[PDB]
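Trainee: Sharing a structure below in structure tokens format, with a few things to ask.
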Amino acid sequence: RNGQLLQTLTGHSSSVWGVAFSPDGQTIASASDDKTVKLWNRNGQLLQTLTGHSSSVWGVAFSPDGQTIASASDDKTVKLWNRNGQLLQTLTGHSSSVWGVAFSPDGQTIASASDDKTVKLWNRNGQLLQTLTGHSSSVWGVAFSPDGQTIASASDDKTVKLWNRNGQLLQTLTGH
Amino acid sequence: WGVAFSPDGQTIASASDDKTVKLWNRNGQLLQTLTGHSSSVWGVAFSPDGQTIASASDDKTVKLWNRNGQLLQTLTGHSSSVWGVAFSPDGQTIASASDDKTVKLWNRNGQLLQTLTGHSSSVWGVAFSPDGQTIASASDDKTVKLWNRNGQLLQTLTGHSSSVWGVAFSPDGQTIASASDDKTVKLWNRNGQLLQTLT
């Protein structure tokens with residue numbers, strides 16, 4: 001199934017988060033060079049353009065059911081979109097570029113990874129639930145455990161950290 | 001299944017319904033079409049330098065191509081569908097994982113170097129260690145196996161309760177991560193010992 005967590009546990013600072021494939025494998029989403037996210041099918045047919053961010057989009061993810069898309073931007077926000085292109089929510093609270101984003105397995109929680117050295121957890125109504133503090137540099141990747149109760153973050157500080165939903169730091173994995 | 005993106009992030013590959021692999025830029029324009037496979041492509045990988053593409057197919061072959069579309073080699077030797085492909089960190093060795101229960105290792109000039117025999121069911125995934133000397137395979141048989149390049153089996157990592165679909169090494173090469181349909185990720189050392197389970 002989803003390789004985000006393997007990639008966050010073992011991947012490099014340079015791992016690329018601006019392309020995502022839908023869970024059914026039929027749709028590709030790409031953070032494009034024009035402040036949009038574009039969706040296309042495997043034949044190459046353009047399906048949708050997600051317009052709203054005011055600067056570069058760096059991270060994209062699909063919800064586990066494929067119906068919601070999250071985009072992470074240099075504009076310091078995450079935006080949530082329906083696959084028909086409508087903007088559903090803007091998640092405000094990071095203080096710098098947002099590099100990466102992930103959905104929880106149940107689709108109800110969003111995690112974001114920012115240049116501000118934090119991961120933030122959010123619900124779909126756009127409310128901030130938790131801020132995970134401790135990395136000493138920009139956070140480039142984030143993922144959930146398969147049961148959705150542990151969050152993994154990966155940072156330019158060369159560590160991976162494991163956290164629970166109440167913000168407790170469970171483990172730091174060093175040499176990354 | 002049948003998608004990849006280049007290490008620099010600027011090229012997206014995807015297997016198409018028509019048995020080709022398409023390469024797109026990040027704006028959804030077509031760059032190249034890789035034509036040659038006679039049935040579905042299940043696995044695509046880019047080499048670390050981003051200059052070579054490997055495709056794994058139901059036609060029992062892996063094809064190697066350059067990024068302007070030219071077929072370079074066809075890797076013939078699996079006896080059933082090839083599900084996964086990986087390149088070694090130096091780009092010189094390719095590993096392929098097949099429904100035939102084997103991993104095969106190949107030079108980028110197409111020669112079969114080794115066949116890694118031991119799994120009792122389909123092999124879904126394969127990875128090289130950062131130093132290129134150890135291969136890990138993830139199988140439907142619920143194990144990850146670790147191998148050297150001479151094809152010798154070094155360890156079998158036992159503990160997942162369902163098929164293992166994904167495997168990778170930590171950046172320092174001393175920890176192996178496995179992901180399974182049992183809804184866990186396990187971390188292991190090279191002596192095959194379980195370090196932790198992530199639910």
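Each chain in the structure tokens gets a letter, A, B and so on, in the order shown; residues start at 1 in every chain, and ligands are counted from 1 in the order they appear.
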Excluding residue 133 in chain B and any residue of its chain fewer than 5 positions from it, enumerate the residues within 10 Å of it, using only C-alpha atoms, and give them as a list in words.
Mentor: residues 88, 89, 128, 147, 148, 149 and 150 of chain B
Trainee: Tell me, counting only C-alpha atoms, for each residue of chain A within 8 Å of chain B, which pair of atoms is nearest and how far apart they are in Å to one decimal, in rows ordered by chain and increasing number, as a Markdown table.
Mentor:
| residue | atom | partner | partner_atom | distance |
| --- | --- | --- | --- | --- |
| A:1 | CA | B:165 | CA | 7.6 |
| A:3 | CA | B:166 | CA | 7.7 |
| A:6 | CA | B:168 | CA | 7.0 |
| A:9 | CA | B:170 | CA | 7.3 |
| A:10 | CA | B:170 | CA | 4.6 |
| A:11 | CA | B:171 | CA | 7.2 |
| A:12 | CA | B:171 | CA | 7.8 |
| A:15 | CA | B:7 | CA | 7.4 |
| A:16 | CA | B:9 | CA | 5.9 |
| A:18 | CA | B:9 | CA | 7.9 |
| A:19 | CA | B:5 | CA | 7.8 |
| A:21 | CA | B:3 | CA | 7.9 |
| A:25 | CA | B:1 | CA | 6.7 |
| A:30 | CA | B:26 | CA | 5.8 |
| A:31 | CA | B:26 | CA | 6.8 |
| A:32 | CA | B:27 | CA | 5.1 |
| A:33 | CA | B:27 | CA | 6.9 |
| A:38 | CA | B:27 | CA | 7.0 |
| A:39 | CA | B:28 | CA | 7.9 |
| A:40 | CA | B:28 | CA | 6.9 |
| A:42 | CA | B:16 | CA | 5.4 |
| A:43 | CA | B:16 | CA | 6.0 |
| A:44 | CA | B:28 | CA | 7.0 |
| A:46 | CA | B:28 | CA | 7.2 |
| A:145 | CA | B:199 | CA | 6.0 |
| A:146 | CA | B:183 | CA | 5.4 |
| A:147 | CA | B:199 | CA | 5.4 |
| A:148 | CA | B:199 | CA | 7.9 |
| A:149 | CA | B:199 | CA | 7.8 |
| A:150 | CA | B:199 | CA | 7.8 |
| A:175 | CA | B:172 | CA | 6.4 |
| A:176 | CA | B:171 | CA | 5.7 |
Trainee: Deliver the residues from the most recent selection as a file, using N, CA, C and O atoms, as a CSV table (one decimal), in the first residue's frame.
Mentor:
chain,number,residue,atom,x,y,z
A,1,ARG,N,0.8,-1.2,0.0
A,1,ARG,CA,0.0,0.0,0.0
A,1,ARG,C,0.9,1.3,0.0
A,1,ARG,O,1.7,1.5,-0.9
A,3,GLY,N,3.6,4.1,0.7
A,3,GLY,CA,5.1,4.1,1.0
A,3,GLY,C,5.6,5.3,1.7
A,3,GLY,O,6.8,5.4,1.9
A,6,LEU,N,7.6,4.4,5.0
A,6,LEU,CA,8.9,3.8,4.7
A,6,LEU,C,9.9,4.9,4.2
A,6,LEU,O,11.0,4.9,4.6
A,9,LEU,N,10.9,7.2,7.2
A,9,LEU,CA,11.8,6.4,8.1
A,9,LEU,C,13.2,6.2,7.6
A,9,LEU,O,14.2,6.3,8.3
A,10,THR,N,13.4,6.1,6.2
A,10,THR,CA,14.6,5.8,5.6
A,10,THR,C,15.2,6.7,4.5
A,10,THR,O,16.3,6.6,4.1
A,11,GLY,N,14.3,7.7,4.1
A,11,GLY,CA,14.6,8.6,3.0
A,11,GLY,C,15.5,9.8,3.3
A,11,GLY,O,15.9,10.0,4.5
A,12,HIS,N,15.9,10.5,2.3
A,12,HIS,CA,16.9,11.7,2.4
A,12,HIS,C,16.2,13.1,2.3
A,12,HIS,O,15.1,13.2,1.8
A,15,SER,N,14.3,13.9,-0.7
A,15,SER,CA,13.1,13.2,-1.1
A,15,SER,C,12.0,14.1,-1.6
A,15,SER,O,11.8,15.2,-1.0
A,16,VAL,N,11.3,13.7,-2.6
A,16,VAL,CA,10.4,14.6,-3.3
A,16,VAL,C,8.9,14.3,-2.9
A,16,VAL,O,8.5,13.2,-3.0
A,18,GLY,N,6.3,16.6,-3.9
A,18,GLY,CA,5.3,17.4,-4.8
A,18,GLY,C,4.7,16.6,-5.9
A,18,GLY,O,4.1,17.1,-6.8
A,19,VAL,N,4.8,15.3,-5.8
A,19,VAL,CA,4.1,14.4,-6.7
A,19,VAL,C,3.4,13.3,-5.9
A,19,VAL,O,4.1,12.8,-5.0
A,21,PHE,N,0.4,9.9,-6.1
A,21,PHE,CA,-0.4,9.1,-6.9
A,21,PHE,C,-1.6,8.7,-6.0
A,21,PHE,O,-1.4,8.5,-4.9
A,25,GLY,N,-4.3,4.4,-7.9
A,25,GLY,CA,-3.2,4.4,-8.8
A,25,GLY,C,-3.5,5.0,-10.1
A,25,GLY,O,-2.7,5.0,-11.0
A,30,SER,N,0.5,16.7,-9.3
A,30,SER,CA,1.8,17.2,-9.3
A,30,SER,C,1.7,18.7,-8.9
A,30,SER,O,0.9,19.5,-9.5
A,31,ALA,N,2.5,19.1,-8.0
A,31,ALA,CA,2.8,20.5,-7.7
A,31,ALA,C,3.5,21.0,-8.9
A,31,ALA,O,4.7,20.6,-9.1
A,32,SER,N,2.9,21.9,-9.6
A,32,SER,CA,3.4,22.4,-10.8
A,32,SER,C,4.2,23.7,-10.6
A,32,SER,O,4.3,24.2,-9.5
A,33,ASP,N,4.8,24.2,-11.7
A,33,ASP,CA,5.7,25.4,-11.5
A,33,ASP,C,5.0,26.7,-11.5
A,33,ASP,O,5.6,27.8,-11.4
A,38,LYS,N,-1.8,20.1,-10.4
A,38,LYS,CA,-2.5,19.6,-11.5
A,38,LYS,C,-2.7,18.1,-11.4
A,38,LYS,O,-1.8,17.4,-10.9
A,39,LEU,N,-3.9,17.6,-11.8
A,39,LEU,CA,-4.2,16.2,-11.7
A,39,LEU,C,-4.4,15.8,-13.1
A,39,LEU,O,-5.2,16.3,-13.9
A,40,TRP,N,-3.8,14.6,-13.4
A,40,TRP,CA,-4.0,13.9,-14.7
A,40,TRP,C,-4.1,12.4,-14.5
A,40,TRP,O,-3.7,11.8,-13.5
A,42,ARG,N,-3.6,8.3,-16.1
A,42,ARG,CA,-2.4,7.6,-16.7
A,42,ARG,C,-2.2,7.7,-18.2
A,42,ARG,O,-1.1,7.5,-18.8
A,43,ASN,N,-3.3,8.1,-18.9
A,43,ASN,CA,-3.3,8.4,-20.3
A,43,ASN,C,-2.7,9.8,-20.6
A,43,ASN,O,-2.5,10.1,-21.7
A,44,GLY,N,-2.6,10.6,-19.6
A,44,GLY,CA,-2.1,11.9,-19.7
A,44,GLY,C,-3.2,13.0,-19.8
A,44,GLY,O,-2.9,14.2,-20.0
A,46,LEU,N,-5.6,15.8,-18.7
A,46,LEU,CA,-5.7,16.7,-17.7
A,46,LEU,C,-7.1,16.6,-17.1
A,46,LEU,O,-8.1,16.7,-17.8
A,145,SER,N,1.8,6.1,11.2
A,145,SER,CA,1.8,4.7,11.3
A,145,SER,C,0.5,4.1,10.7
A,145,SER,O,-0.5,4.8,10.6
A,146,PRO,N,0.5,2.8,10.3
A,146,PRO,CA,-0.7,2.2,9.7
A,146,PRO,C,-1.9,2.3,10.6
A,146,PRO,O,-3.0,2.3,10.1
A,147,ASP,N,-1.8,2.2,11.9
A,147,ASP,CA,-2.9,2.3,12.9
A,147,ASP,C,-3.3,3.7,13.2
A,147,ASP,O,-4.3,4.0,13.9
A,148,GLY,N,-2.5,4.6,12.7
A,148,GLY,CA,-2.8,6.1,12.8
A,148,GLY,C,-2.5,6.7,14.1
A,148,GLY,O,-2.7,7.9,14.3
A,149,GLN,N,-1.9,6.0,15.1
A,149,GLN,CA,-1.7,6.5,16.4
A,149,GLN,C,-0.2,7.1,16.6
A,149,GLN,O,0.0,7.6,17.7
A,150,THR,N,0.7,6.9,15.7
A,150,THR,CA,2.0,7.4,15.8
A,150,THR,C,2.3,8.2,14.5
A,150,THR,O,2.0,7.8,13.4
A,175,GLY,N,21.2,9.4,12.6
A,175,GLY,CA,21.9,9.0,11.5
A,175,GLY,C,21.1,9.0,10.2
A,175,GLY,O,21.2,8.1,9.4
A,176,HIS,N,20.3,10.0,10.0
A,176,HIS,CA,19.4,10.2,8.9
A,176,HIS,C,19.7,11.4,8.0
A,176,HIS,O,20.5,11.4,7.1
Trainee: Which residues, written as a VMD selection string, have at least one atom at most 9 Å from range 123-136 of chain A, with only C-alpha atoms counted and residues fewer than 2 positions away on the same chain left out?
Mentor: chain A and resid 80 88 to 93 107 to 110 117 to 121 138 to 139 153 to 157 159 to 161 163 165 to 169
Trainee: Residues as selected, N, CA and C atoms, written as a CSV table (one decimal), in the first residue's frame, can you do that?
Mentor:
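selection_31.csv, written as the output of this step:
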chain,number,residue,atom,x,y,z
A,80,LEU,N,-6.8,22.1,1.6
A,80,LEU,CA,-7.5,20.9,1.3
A,80,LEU,C,-8.6,21.1,0.2
A,88,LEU,N,-11.6,23.4,0.0
A,88,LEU,CA,-12.5,23.1,1.1
A,88,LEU,C,-12.0,23.8,2.4
A,89,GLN,N,-10.7,23.8,2.6
A,89,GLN,CA,-10.2,24.5,3.8
A,89,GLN,C,-8.8,25.0,3.6
A,90,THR,N,-8.4,26.0,4.4
A,90,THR,CA,-7.0,26.5,4.4
A,90,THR,C,-6.6,26.4,5.9
A,91,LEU,N,-5.5,25.7,6.1
A,91,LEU,CA,-4.9,25.4,7.4
A,91,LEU,C,-3.8,26.3,7.7
A,92,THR,N,-4.1,27.2,8.6
A,92,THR,CA,-3.2,28.4,8.9
A,92,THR,C,-2.6,28.2,10.3
A,93,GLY,N,-1.3,28.3,10.4
A,93,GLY,CA,-0.6,28.2,11.7
A,93,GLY,C,0.9,28.0,11.6
A,107,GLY,N,-8.4,9.2,7.4
A,107,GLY,CA,-8.6,10.4,6.6
A,107,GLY,C,-9.0,11.6,7.3
A,108,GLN,N,-9.1,11.5,8.7
A,108,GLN,CA,-9.7,12.6,9.5
A,108,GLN,C,-8.6,13.6,10.0
A,109,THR,N,-7.4,13.2,10.0
A,109,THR,CA,-6.3,14.0,10.6
A,109,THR,C,-5.3,14.3,9.4
A,110,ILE,N,-4.8,15.5,9.4
A,110,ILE,CA,-3.8,15.9,8.5
A,110,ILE,C,-2.5,16.3,9.3
A,117,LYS,N,10.3,24.2,11.6
A,117,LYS,CA,10.9,23.2,12.4
A,117,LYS,C,9.8,22.4,13.2
A,118,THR,N,8.6,22.5,12.8
A,118,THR,CA,7.5,21.8,13.5
A,118,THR,C,6.7,20.9,12.5
A,119,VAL,N,6.0,20.0,13.1
A,119,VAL,CA,4.9,19.3,12.4
A,119,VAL,C,3.6,19.7,13.1
A,120,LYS,N,2.6,20.0,12.4
A,120,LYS,CA,1.3,20.3,12.9
A,120,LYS,C,0.3,19.3,12.5
A,121,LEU,N,-0.6,19.0,13.5
A,121,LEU,CA,-1.7,18.1,13.2
A,121,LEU,C,-3.0,18.9,13.2
A,138,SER,N,14.5,22.5,9.7
A,138,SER,CA,13.3,22.3,8.8
A,138,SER,C,12.9,20.8,8.7
A,139,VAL,N,11.6,20.5,8.8
A,139,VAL,CA,11.1,19.2,8.7
A,139,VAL,C,10.6,19.0,7.3
A,153,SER,N,8.3,12.0,11.7
A,153,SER,CA,8.8,13.1,11.0
A,153,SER,C,10.2,13.0,10.7
A,154,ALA,N,10.6,13.6,9.6
A,154,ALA,CA,12.0,13.5,9.2
A,154,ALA,C,12.4,15.0,8.9
A,155,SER,N,13.6,15.3,9.3
A,155,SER,CA,14.1,16.7,9.3
A,155,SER,C,15.5,16.8,8.7
A,156,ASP,N,15.9,18.0,8.3
A,156,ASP,CA,17.2,18.3,7.8
A,156,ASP,C,18.2,18.3,8.9
A,157,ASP,N,17.8,18.1,10.2
A,157,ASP,CA,18.7,17.9,11.3
A,157,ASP,C,19.2,16.4,11.3
A,159,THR,N,17.6,13.6,11.6
A,159,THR,CA,16.9,12.7,12.5
A,159,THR,C,15.5,12.4,12.0
A,160,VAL,N,14.9,11.3,12.5
A,160,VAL,CA,13.6,11.0,12.4
A,160,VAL,C,13.0,10.9,13.8
A,161,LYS,N,11.9,11.5,14.0
A,161,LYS,CA,11.2,11.5,15.3
A,161,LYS,C,9.8,10.8,15.2
A,163,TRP,N,6.2,10.3,17.3
A,163,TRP,CA,5.4,11.1,18.3
A,163,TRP,C,4.0,10.5,18.4
A,165,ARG,N,-0.2,11.5,19.3
A,165,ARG,CA,-1.1,12.6,18.9
A,165,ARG,C,-1.2,13.7,20.0
A,166,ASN,N,-0.8,13.4,21.2
A,166,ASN,CA,-0.8,14.4,22.3
A,166,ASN,C,0.5,15.1,22.4
A,167,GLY,N,1.4,14.9,21.4
A,167,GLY,CA,2.6,15.7,21.2
A,167,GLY,C,3.8,15.1,21.9
A,168,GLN,N,3.6,13.9,22.6
A,168,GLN,CA,4.7,13.3,23.3
A,168,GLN,C,5.7,12.8,22.2
A,169,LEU,N,7.0,13.1,22.5
A,169,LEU,CA,8.1,12.5,21.7
A,169,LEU,C,8.5,11.1,22.2
Trainee: Neighbours of residue 74 in chain A within 10 Å (only C-alpha atoms; same-chain residues fewer than 5 positions away dropped), as a ChimeraX atom specification?
Mentor: /A:35,53-59,96-99,114-115
Trainee: Got time to write the residues from that selection, N, CA, C and O atoms, as a tab-separated table (two decimals), in the first residue's frame?
Mentor:
chain	number	residue	atom	x	y	z
A	35	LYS	N	2.24	27.63	-9.19
A	35	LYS	CA	1.44	27.83	-7.94
A	35	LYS	C	0.16	27.00	-7.89
A	35	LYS	O	-0.69	27.16	-6.98
A	53	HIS	N	-3.21	28.83	-4.01
A	53	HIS	CA	-1.98	29.18	-3.28
A	53	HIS	C	-1.38	30.43	-3.91
A	53	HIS	O	-1.53	30.68	-5.14
A	54	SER	N	-0.72	31.21	-3.09
A	54	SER	CA	-0.15	32.47	-3.56
A	54	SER	C	1.34	32.35	-3.79
A	54	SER	O	2.00	33.32	-4.17
A	55	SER	N	1.91	31.17	-3.57
A	55	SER	CA	3.28	30.93	-4.02
A	55	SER	C	3.49	29.45	-4.23
A	55	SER	O	2.53	28.66	-4.18
A	56	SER	N	4.72	29.07	-4.54
A	56	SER	CA	5.01	27.69	-4.94
A	56	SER	C	4.36	26.63	-4.06
A	56	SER	O	4.32	26.76	-2.84
A	57	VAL	N	3.89	25.53	-4.69
A	57	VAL	CA	3.40	24.39	-3.94
A	57	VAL	C	4.52	23.35	-3.92
A	57	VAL	O	5.09	23.04	-4.96
A	58	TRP	N	4.86	22.83	-2.73
A	58	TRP	CA	5.98	21.87	-2.59
A	58	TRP	C	5.57	20.43	-2.24
A	58	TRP	O	6.31	19.46	-2.51
A	59	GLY	N	4.44	20.29	-1.59
A	59	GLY	CA	3.97	18.97	-1.11
A	59	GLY	C	2.53	18.73	-1.51
A	59	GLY	O	1.72	19.66	-1.56
A	96	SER	N	6.35	29.46	8.39
A	96	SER	CA	7.25	29.43	7.23
A	96	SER	C	6.72	28.40	6.23
A	96	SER	O	5.71	27.78	6.47
A	97	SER	N	7.45	28.22	5.13
A	97	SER	CA	7.09	27.28	4.10
A	97	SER	C	6.68	25.93	4.64
A	97	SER	O	7.30	25.40	5.56
A	98	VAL	N	5.65	25.34	4.01
A	98	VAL	CA	5.22	23.99	4.35
A	98	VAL	C	5.70	23.06	3.24
A	98	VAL	O	5.41	23.30	2.09
A	99	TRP	N	6.46	22.04	3.61
A	99	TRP	CA	7.17	21.21	2.62
A	99	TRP	C	6.39	19.94	2.32
A	99	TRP	O	6.44	19.43	1.21
A	114	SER	N	7.03	21.55	8.23
A	114	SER	CA	7.40	22.90	7.83
A	114	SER	C	8.83	23.30	8.08
A	114	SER	O	9.53	22.75	8.97
A	115	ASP	N	9.27	24.28	7.29
A	115	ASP	CA	10.53	25.01	7.51
A	115	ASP	C	10.61	25.65	8.88
A	115	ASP	O	11.69	25.94	9.34
Trainee: Using only C-alpha atoms, which protein or nucleic acid residues come within 6 Å of residue 81 in chain A? Drop anything in the same chain fewer than 5 positions from it, and give the result as a PyMOL selection string.
Mentor: chain A and resi 68-69+86-88
Trainee: Give me a file of those residues, with C-alpha atoms, as an mmCIF file, in the first residue's frame.
Mentor:
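Result file follows (result-v4.cif):
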data_model
loop_
_atom_site.group_PDB
_atom_site.id
_atom_site.type_symbol
_atom_site.label_atom_id
_atom_site.label_comp_id
_atom_site.auth_asym_id
_atom_site.auth_seq_id
_atom_site.Cartn_x
_atom_site.Cartn_y
_atom_site.Cartn_z
ATOM 1 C CA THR A 68 -9.446 14.837 -0.805
ATOM 2 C CA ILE A 69 -6.180 16.366 -1.813
ATOM 3 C CA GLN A 86 -12.989 23.005 -5.050
ATOM 4 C CA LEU A 87 -11.060 24.499 -2.147
ATOM 5 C CA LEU A 88 -12.459 23.056 1.129
#
Trainee: Do a neighbour search on range 110-125 of chain B at 8 Å with only C-alpha atoms, toss out local chain neighbours closer than 4 positions, and write the hits as an MDAnalysis selection string.
Mentor: chainID B and resid 73:75 77 83:85 97:106 137:141 145 147 149:153 164:167
Trainee: Write the selection just made, keeping N, CA and C atoms, as a short mmCIF file (atom, residue, chain, number, x, y, z; two decimals), in the first residue's frame?
Mentor:
data_model
loop_
_atom_site.label_atom_id
_atom_site.label_comp_id
_atom_site.auth_asym_id
_atom_site.auth_seq_id
_atom_site.Cartn_x
_atom_site.Cartn_y
_atom_site.Cartn_z
N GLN B 73 18.20 -2.28 -23.15
CA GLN B 73 18.37 -3.70 -22.84
C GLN B 73 17.04 -4.32 -22.47
N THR B 74 16.92 -5.62 -22.72
CA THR B 74 15.80 -6.38 -22.20
C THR B 74 16.38 -7.51 -21.35
N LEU B 75 15.91 -7.61 -20.11
CA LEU B 75 16.46 -8.51 -19.12
C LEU B 75 15.52 -9.70 -19.13
N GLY B 77 14.83 -13.71 -18.26
CA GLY B 77 15.19 -14.78 -17.33
C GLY B 77 14.16 -15.16 -16.30
N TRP B 83 7.35 -7.96 -10.64
CA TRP B 83 6.54 -6.99 -9.88
C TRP B 83 7.30 -5.73 -9.54
N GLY B 84 8.58 -5.89 -9.25
CA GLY B 84 9.40 -4.81 -8.73
C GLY B 84 10.79 -4.79 -9.30
N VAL B 85 11.36 -3.59 -9.32
CA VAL B 85 12.71 -3.42 -9.78
C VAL B 85 13.39 -2.37 -8.89
N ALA B 97 12.24 -8.37 -8.79
CA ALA B 97 11.44 -9.26 -7.93
C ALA B 97 10.26 -9.79 -8.69
N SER B 98 10.09 -11.11 -8.69
CA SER B 98 9.12 -11.77 -9.54
C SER B 98 8.15 -12.71 -8.82
N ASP B 99 7.03 -12.92 -9.46
CA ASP B 99 6.07 -13.92 -9.06
C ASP B 99 6.66 -15.34 -9.12
N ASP B 100 7.74 -15.51 -9.87
CA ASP B 100 8.42 -16.81 -9.94
C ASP B 100 9.17 -17.18 -8.63
N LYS B 101 9.02 -16.37 -7.56
CA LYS B 101 9.60 -16.58 -6.21
C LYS B 101 11.10 -16.24 -6.08
N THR B 102 11.67 -15.62 -7.10
CA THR B 102 13.08 -15.29 -7.13
C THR B 102 13.27 -13.78 -7.27
N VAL B 103 14.46 -13.38 -6.83
CA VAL B 103 15.05 -12.09 -7.20
C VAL B 103 16.18 -12.42 -8.14
N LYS B 104 16.30 -11.66 -9.21
CA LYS B 104 17.44 -11.78 -10.07
C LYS B 104 18.24 -10.46 -10.04
N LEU B 105 19.57 -10.59 -10.13
CA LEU B 105 20.45 -9.46 -10.18
C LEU B 105 21.09 -9.42 -11.56
N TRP B 106 21.19 -8.21 -12.11
CA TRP B 106 21.63 -8.02 -13.49
C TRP B 106 22.61 -6.88 -13.55
N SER B 137 14.76 -8.45 0.19
CA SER B 137 13.60 -8.77 -0.57
C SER B 137 12.40 -8.91 0.35
N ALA B 138 11.23 -8.47 -0.13
CA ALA B 138 9.96 -8.54 0.61
C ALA B 138 9.03 -9.49 -0.15
N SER B 139 8.51 -10.51 0.54
CA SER B 139 7.71 -11.53 -0.12
C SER B 139 6.31 -11.78 0.48
N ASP B 140 5.44 -12.28 -0.39
CA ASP B 140 4.15 -12.84 -0.02
C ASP B 140 4.23 -13.98 1.00
N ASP B 141 5.39 -14.60 1.12
CA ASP B 141 5.63 -15.60 2.14
C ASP B 141 5.80 -15.08 3.59
N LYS B 145 14.05 -11.35 3.19
CA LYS B 145 15.31 -12.04 3.18
C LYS B 145 16.44 -11.07 2.81
N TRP B 147 20.43 -10.81 1.44
CA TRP B 147 21.30 -11.56 0.56
C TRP B 147 22.56 -10.78 0.23
N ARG B 149 25.68 -10.25 -2.82
CA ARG B 149 25.73 -10.24 -4.28
C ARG B 149 26.18 -11.51 -4.94
N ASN B 150 26.75 -12.43 -4.18
CA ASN B 150 27.05 -13.77 -4.70
C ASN B 150 25.85 -14.69 -4.64
N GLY B 151 24.72 -14.14 -4.22
CA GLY B 151 23.46 -14.83 -4.16
C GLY B 151 23.22 -15.58 -2.87
N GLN B 152 24.12 -15.47 -1.90
CA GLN B 152 23.99 -16.24 -0.68
C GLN B 152 22.96 -15.59 0.22
N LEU B 153 22.07 -16.41 0.77
CA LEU B 153 21.11 -15.96 1.76
C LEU B 153 21.80 -15.73 3.09
N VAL B 164 4.62 -9.26 3.00
CA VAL B 164 5.46 -8.06 3.13
C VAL B 164 5.62 -7.44 1.74
N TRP B 165 5.20 -6.19 1.62
CA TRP B 165 5.14 -5.54 0.33
C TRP B 165 6.29 -4.56 0.08
N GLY B 166 6.94 -4.09 1.13
CA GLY B 166 7.94 -3.04 1.01
C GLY B 166 9.08 -3.26 1.97
N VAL B 167 10.28 -2.87 1.52
CA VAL B 167 11.48 -2.98 2.35
C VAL B 167 12.45 -1.88 1.96
#
